[PDB]
Amino acid sequence: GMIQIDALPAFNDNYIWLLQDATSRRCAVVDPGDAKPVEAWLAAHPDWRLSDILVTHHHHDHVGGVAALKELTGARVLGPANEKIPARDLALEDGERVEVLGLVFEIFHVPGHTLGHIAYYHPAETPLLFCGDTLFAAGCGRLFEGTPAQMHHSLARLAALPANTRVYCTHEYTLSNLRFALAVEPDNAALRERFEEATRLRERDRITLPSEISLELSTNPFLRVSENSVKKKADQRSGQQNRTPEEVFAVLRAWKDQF
Ligand SMILES: [Cl-]
Ligand SMILES: [Zn+2]
Ligand SMILES: [Zn+2]
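Oh and the sequence shown: position 43 is 42 in PDB author numbering, straight run, nothing missing.
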């Protein structure tokens, strides 16, 4: 019943989240862009079985080790539909539900970073959210394929999730994400507090994830495009009139793209 969730470091700033049912000794992984950290953990736990592989989007740092892990473990590969996903067994659509290690996960189609990006949401007293590269700790992904209108709508869906929902994004972008946020709201007391907190964690080389939606709603600039201060600094940066929250968002993402 109890599910331990641990990050396996990979590449420069990637985290391969490893979901663990230590009673049945079955484990799952999210976005294994490098199969080697997973193979090492499985070798160190030979009586365990990797049962499920969960993919968010088709990018190399998330599927690089999926094919080799399936041929090694036979795990079921869950992936987004309408994207090429190596060795994918189940193509996931918006609104569908899956059961991984006994936990039911809702599938949210979240366009923006990529056109077919999905997210895994588990409802409980403390919900869990695996959103890949869509929502980051005090940030969001770059618009490699989607439009700002798509990405804003996607983040708006995730922001409506319960306040204590745990955000398991992929990358260790928090310190850089907070530095940009200070340029949007230098007078945000909560954001200033969070920046000093993440500065200590990264100085000790400790993880900054998972985050909570409530903390994101109060410090993440891309989730605060309706705020008066953010909308005012948005017009300041572009020198225009951002009439809609989507336009406020489009300026912020283009601003961080060159920040
Ligand atoms: Cl970014
Ligand atoms: Zn990506
Ligand atoms: Zn990525």
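The C-beta atom is built at its ideal place from N, Cα and C for all residues, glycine as well.
Check: Bridge-paired residues (DSSP) for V97; Outcome: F104
Check: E211 (DSSP reduced to helix, strand or coil); Outcome: strand
Check: Reference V250, options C168, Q19 and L142, closest by Cα; Outcome: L142
Check: Cβ shell of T55 (< 8 Å), same chain only, five flanking positions each side left out; Outcome: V29, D30, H61, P79, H116, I117, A118, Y119, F129, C130, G131, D132, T133 and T169
Check: Supposed close pair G73, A34 - CB separation, criterion 8 Å; Outcome: Contact doesn't hold; Cβ gap of about 14 Å is too wide.
Check: Chain-order list of residues whose beta-carbon lies under 7 Å from that of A67 (same chain, five-residue window excluded); Outcome: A34
Check: Cβ pair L91, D51 closer than 8 Å; Outcome: no
Check: Whole-Å CB distance - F248 paired with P161, under 8 Å assumed; Outcome: At roughly 23 Å, the Cβ-Cβ gap does not stay under 8 Å, so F248 and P161 are not in contact.
Check: Where the beta strand (DSSP E) containing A137 begins and where it ends; Outcome: Run containing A137: none; DSSP gives neither H nor E here.
Check: Residues near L190 in its chain [Cβ-Cβ closer than 8 Å; skip 5 each side]; Outcome: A137, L177, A180, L181, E184, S217 and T218
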